[PDB]
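**Q** Pasting a structure here, questions to come.
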Amino acid sequence: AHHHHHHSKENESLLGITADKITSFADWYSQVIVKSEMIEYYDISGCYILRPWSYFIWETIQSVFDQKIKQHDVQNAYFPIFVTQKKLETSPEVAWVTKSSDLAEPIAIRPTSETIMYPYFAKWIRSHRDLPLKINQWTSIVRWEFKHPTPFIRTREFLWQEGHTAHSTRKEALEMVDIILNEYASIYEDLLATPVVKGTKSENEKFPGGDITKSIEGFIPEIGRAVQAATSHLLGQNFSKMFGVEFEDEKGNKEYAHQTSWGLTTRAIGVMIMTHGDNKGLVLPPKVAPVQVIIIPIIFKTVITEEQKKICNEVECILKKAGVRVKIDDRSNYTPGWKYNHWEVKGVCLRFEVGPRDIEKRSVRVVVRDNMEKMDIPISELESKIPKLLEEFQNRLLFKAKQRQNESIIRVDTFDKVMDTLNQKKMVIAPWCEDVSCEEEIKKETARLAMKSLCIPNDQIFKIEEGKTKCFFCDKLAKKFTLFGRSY
Ligand SMILES: Nc1ncnc2c1ncn2[C@@H]1O[C@H](COP(=O)(O)O)[C@@H](O)[C@H]1O
Ligand code: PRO
Ligand SMILES: [Zn+2]
């Protein structure tokens, strides 16, 4: 459903998008991220260059989320990129530095900072008055993935954020986990306009050395594969016992700290691209669009007139004062049709066509990117209407994407109707016993004919009769309903 709106002659050219999003997804995703000047392929597999058009989106995610964790008294720090083998162990996806002259003991590039920070958490934490401790850092992470890499979704090097907190009680640590999860869900929905499902991971899908793991799950209806959006781990007293992170509570006894760890990576950018894009190229939500309004004065070869420069400057002046990020494309090198497709490929929310008739009426022609809505707005109303249009743009993207996610979830009660649903490129919600043994047989049978538990949704829309309702696989007392499907 990415081919409904009108295409121009420039959109059907090579400077547009050639592949269809549904029938040829991988080629579509490559053309969208490359022709929009977001990604540049690197001579090292799995690594990609974040060009200014895409790095702007990551900077906005930084500004919003960093300001949210500071509301909860989370402080930023920085830990070394290297780690020793003895510390890293109390494996195949860890890059090892062995030479500089070889090294007697090779050092490793951090896949995560648990083994780096917690040896010093045990040093910094001695009393209950020293808790809670909340540390975060914005850094890059290297993980040599064995599967075929995908830009943003699965890269060997990616930018991320990792928060690590320590608490005096499990209760305080758990409500810290829910806070970061709701902020993670707020990033995808309130900022990226991408719908995600808040839930709890299964025992077989949770963080390895953790206690409880909660996450948000994203899904791509076109490819029919799920994508894990972000994770928030309740580590409990597991890691504190390994590194000796114990505090002295009131009453004098010794107790191991209750820790949490949570991360969000540049995978969020890719899930957004695949959620909103169409056959013209990028479709960006206005809250992360590098340019929300592009002003295209009708001019070819000849220089821009003094009246066109006067109109385009005051329109830019009104939008700049109104908080809208706007640029003027007065390049006489390309035709107006060329500029339309150019800024549509890179997902500019609105374009302003400024012709001689628009200067006479003191209005501008506005064309909306996602739905090709056309309208005349007087200049006297730009300060008010254009912020509203960008608000309507953001709301429309989230609404249309959310009704595609609900459309991609099918309720199943018996394993006989499970396979037919998955090939429809849809997820499965089913009653499940949440046992590790049951999940191991589900992934084996689904692969022979593989789907895994995506998350146990926090919001249970379907009721389970106590004692009677049985698992959708084999036979056991089902606890509640769990979301399944194949991943990316
Ligand atoms: N190669 C990768 N590129 C981008 N993000 C990743 C990559 N590998 C893992 N992540 C994300 O990093 C977090 C780590 O969680 P996990 O996948 O359980 O290790 C999750 O939010 C993943 O989606
Ligand atoms: O690797 C992970 O998934 C967790 C979350 C960030 C820190 N460690
Ligand atoms: Zn079962």
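Residue names in the structure tokens use chain letters A, B, ... in the order shown, residue numbers from 1 in each chain, and ligand numbers from 1 in the order shown.
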As a quick test: using only C-alpha atoms and all ligand atoms, which residues lie no more than 6 Å away from ligand 2? Give them as a list in words.
**A**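 Based on only C-alpha atoms and all ligand atoms, ligand 2 is surrounded within 6 Å by residues 112, 162, 261, 262 and 263 of chain A.
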**Q** Those same residues, written as a PDB file, in the first residue's frame with C-alpha atoms?
**A**
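selection_36.pdb, written as the output of this step:
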ATOM      1  CA  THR A 112      28.671  -3.720  26.206  1.00  0.00           C
ATOM      2  CA  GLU A 162      23.433   2.511  27.664  1.00  0.00           C
ATOM      3  CA  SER A 261      20.728  -1.809  32.372  1.00  0.00           C
ATOM      4  CA  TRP A 262      18.974  -0.427  29.299  1.00  0.00           C
ATOM      5  CA  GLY A 263      19.987   0.461  25.761  1.00  0.00           C
TER       6      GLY A 263
END
**Q** Residues at most 12 Å from region 464-478 of chain A, counting only C-alpha atoms, excluding those fewer than 2 positions away in the same chain, as number ranges by chain?
**A** A: 411-418, 428-435, 437-443, 445-446, 460-462, 480-484
**Q** Need to verify the contact set: residue 46 (chain A), 12 Å, only C-alpha atoms, exclusion of same-chain residues closer than 6 positions in sequence. Can you return it as a PDB file with N, CA and C atoms, in the first residue's frame?
**A**
ATOM      1  N   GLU A  40      26.097   5.869   3.258  1.00  0.00           N
ATOM      2  CA  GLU A  40      27.134   5.610   2.266  1.00  0.00           C
ATOM      3  C   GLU A  40      27.790   4.283   2.616  1.00  0.00           C
ATOM      4  N   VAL A 142      30.836  -2.156  18.919  1.00  0.00           N
ATOM      5  CA  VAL A 142      31.227  -3.062  17.846  1.00  0.00           C
ATOM      6  C   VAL A 142      30.768  -4.466  18.212  1.00  0.00           C
ATOM      7  N   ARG A 143      30.026  -5.098  17.304  1.00  0.00           N
ATOM      8  CA  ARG A 143      29.610  -6.492  17.449  1.00  0.00           C
ATOM      9  C   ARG A 143      29.710  -7.145  16.078  1.00  0.00           C
ATOM     10  N   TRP A 144      30.620  -8.106  15.936  1.00  0.00           N
ATOM     11  CA  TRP A 144      30.849  -8.767  14.654  1.00  0.00           C
ATOM     12  C   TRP A 144      29.731  -9.779  14.429  1.00  0.00           C
ATOM     13  N   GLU A 145      28.633  -9.308  13.840  1.00  0.00           N
ATOM     14  CA  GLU A 145      27.477 -10.163  13.610  1.00  0.00           C
ATOM     15  C   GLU A 145      27.758 -11.162  12.495  1.00  0.00           C
ATOM     16  N   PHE A 146      27.298 -12.399  12.692  1.00  0.00           N
ATOM     17  CA  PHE A 146      27.517 -13.446  11.700  1.00  0.00           C
ATOM     18  C   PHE A 146      26.509 -13.378  10.560  1.00  0.00           C
ATOM     19  N   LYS A 147      25.278 -12.958  10.843  1.00  0.00           N
ATOM     20  CA  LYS A 147      24.261 -12.857   9.809  1.00  0.00           C
ATOM     21  C   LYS A 147      24.585 -11.717   8.847  1.00  0.00           C
ATOM     22  N   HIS A 148      23.923 -11.740   7.694  1.00  0.00           N
ATOM     23  CA  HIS A 148      24.125 -10.697   6.699  1.00  0.00           C
ATOM     24  C   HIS A 148      23.687  -9.352   7.273  1.00  0.00           C
ATOM     25  N   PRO A 149      24.539  -8.331   7.239  1.00  0.00           N
ATOM     26  CA  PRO A 149      24.186  -7.063   7.884  1.00  0.00           C
ATOM     27  C   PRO A 149      23.167  -6.275   7.078  1.00  0.00           C
ATOM     28  N   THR A 150      22.416  -5.436   7.789  1.00  0.00           N
ATOM     29  CA  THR A 150      21.445  -4.534   7.189  1.00  0.00           C
ATOM     30  C   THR A 150      21.682  -3.144   7.771  1.00  0.00           C
ATOM     31  N   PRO A 151      21.740  -2.102   6.941  1.00  0.00           N
ATOM     32  CA  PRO A 151      21.949  -0.748   7.468  1.00  0.00           C
ATOM     33  C   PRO A 151      20.916  -0.387   8.528  1.00  0.00           C
ATOM     34  N   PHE A 152      21.407   0.215   9.616  1.00  0.00           N
ATOM     35  CA  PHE A 152      20.626   0.630  10.779  1.00  0.00           C
ATOM     36  C   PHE A 152      20.133  -0.551  11.611  1.00  0.00           C
ATOM     37  N   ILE A 153      19.469  -1.520  10.979  1.00  0.00           N
ATOM     38  CA  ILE A 153      18.846  -2.604  11.735  1.00  0.00           C
ATOM     39  C   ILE A 153      19.906  -3.518  12.343  1.00  0.00           C
ATOM     40  N   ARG A 154      20.868  -3.965  11.531  1.00  0.00           N
ATOM     41  CA  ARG A 154      21.917  -4.880  11.996  1.00  0.00           C
ATOM     42  C   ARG A 154      23.243  -4.444  11.372  1.00  0.00           C
ATOM     43  N   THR A 155      23.992  -3.621  12.104  1.00  0.00           N
ATOM     44  CA  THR A 155      25.301  -3.150  11.678  1.00  0.00           C
ATOM     45  C   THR A 155      26.370  -3.670  12.630  1.00  0.00           C
ATOM     46  N   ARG A 156      27.593  -3.815  12.114  1.00  0.00           N
ATOM     47  CA  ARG A 156      28.684  -4.299  12.952  1.00  0.00           C
ATOM     48  C   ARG A 156      29.134  -3.232  13.941  1.00  0.00           C
ATOM     49  N   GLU A 157      29.153  -1.973  13.517  1.00  0.00           N
ATOM     50  CA  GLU A 157      29.324  -0.845  14.421  1.00  0.00           C
ATOM     51  C   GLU A 157      28.052  -0.013  14.402  1.00  0.00           C
ATOM     52  N   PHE A 158      27.569   0.352  15.587  1.00  0.00           N
ATOM     53  CA  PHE A 158      26.374   1.169  15.707  1.00  0.00           C
ATOM     54  C   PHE A 158      26.525   2.117  16.886  1.00  0.00           C
TER      55      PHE A 158
END
**Q** What's the 8 Å shell around residue 318 (chain A), counting only C-alpha atoms, without same-chain residues fewer than 4 positions away, as a PDB file with C-alpha atoms, in the first residue's frame?
**A**
ATOM      1  CA  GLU A 314      10.102  36.501   4.394  1.00  0.00           C
ATOM      2  CA  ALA A 322       7.900  29.864  14.316  1.00  0.00           C
ATOM      3  CA  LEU A 382       1.859  30.731   7.752  1.00  0.00           C
ATOM      4  CA  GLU A 383       2.907  31.329  11.367  1.00  0.00           C
TER       5      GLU A 383
END
**Q** Using only C-alpha atoms, find the one residue out of A:280, A:206, A:21, A:164 that sits nearest to residue 116 (chain A).
**A**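 Closest to residue 116 (chain A), using only C-alpha atoms: A:164.
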**Q** Write out as a ChimeraX atom specification the set of residues from region 246-467 of chain A that DSSP, computed on the backbone, places in strand (DSSP E).
**A** /A:246-248,254-256,258-265,282-283,293-297,326-328,346-347,350-354,363-368,374-378,409-411,427-432,452-457
**Q** So which residues of region 198-406 of chain A fall under alpha helix (DSSP H) by DSSP, listed as a PyMOL selection string?
**A** chain A and resi 238-243+267-276+306-321+336-345+356-360+382-406
**Q** Mind checking which residues fall within 9 Å of residue 273 (chain A), counting only C-alpha atoms, ignoring those fewer than 5 positions away in the same chain, and posting them as a PyMOL selection string?
**A** chain A and resi 29+32-33+268+282-284
**Q** Do you know which residues are at most 10 Å from residue 371 (chain A) counting only C-alpha atoms, after dropping those on the same chain fewer than 4 positions away, and could you put them as a compact mmCIF listing (two decimals) with N, CA, C and O atoms, in the first residue's frame?
**A**
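New file around-v2.txt:
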# COMPACT_ATOMS: atom_id res chain seq x y z
N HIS A 4 -0.17 4.34 -3.93
CA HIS A 4 -1.51 4.86 -4.20
C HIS A 4 -1.48 6.26 -4.81
O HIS A 4 -2.32 6.58 -5.65
N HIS A 5 -0.52 7.09 -4.40
CA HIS A 5 -0.55 8.50 -4.76
C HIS A 5 0.17 8.75 -6.09
O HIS A 5 0.91 7.91 -6.60
N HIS A 6 -0.07 9.94 -6.63
CA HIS A 6 0.35 10.27 -7.99
C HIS A 6 1.87 10.41 -8.09
O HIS A 6 2.50 11.08 -7.26
N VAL A 367 2.45 21.59 -0.91
CA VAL A 367 2.24 20.20 -1.30
C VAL A 367 2.76 19.33 -0.18
O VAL A 367 3.93 19.44 0.21
N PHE A 393 0.66 16.16 10.21
CA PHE A 393 1.52 15.20 9.54
C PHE A 393 2.01 14.12 10.50
O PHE A 393 1.95 12.93 10.20
N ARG A 396 -0.87 11.83 11.55
CA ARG A 396 -1.33 10.94 10.48
C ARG A 396 -0.39 9.76 10.30
O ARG A 396 -0.84 8.64 10.05
**Q** If we count only C-alpha atoms and set the cut-off at 7 Å, which residues sit around region 346-349 of chain A, ignoring sequence neighbours fewer than 3 positions away in its own chain? Please answer as a list in words.
**A** residues 36, 281, 282, 283, 284, 286, 289, 291, 292, 293, 294, 342, 343, 368 and 369 of chain A
**Q** For each of A:205, A:178, A:381, A:12, take the minimum atom-to-atom distance to residue 232 (chain A), counting only C-alpha atoms, then give the residue where this is smallest.
**A**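 Looking at the shortest contact to residue 232 (chain A), the residue is A:178.
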**Q** Would you give me, as a Markdown table, each residue of region 328-411 of chain A having an atom within 12 Å of an atom of region 222-228 of chain A, along with its shortest atom pair and that distance in Å to one decimal, using only C-alpha atoms and sorting by chain and residue number?
**A**
| residue | atom | partner | partner_atom | distance |
| --- | --- | --- | --- | --- |
| A:401 | CA | A:222 | CA | 11.9 |
| A:404 | CA | A:222 | CA | 10.1 |
| A:405 | CA | A:226 | CA | 10.7 |
| A:407 | CA | A:224 | CA | 11.9 |
| A:408 | CA | A:224 | CA | 8.5 |
| A:409 | CA | A:224 | CA | 10.9 |
**Q** Find, counting only C-alpha atoms, the residue in A:356, A:419, A:88, A:324 that gets nearest to residue 385 (chain A).
**A**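 Of the candidates, the smallest distance to residue 385 (chain A) is held by A:324.
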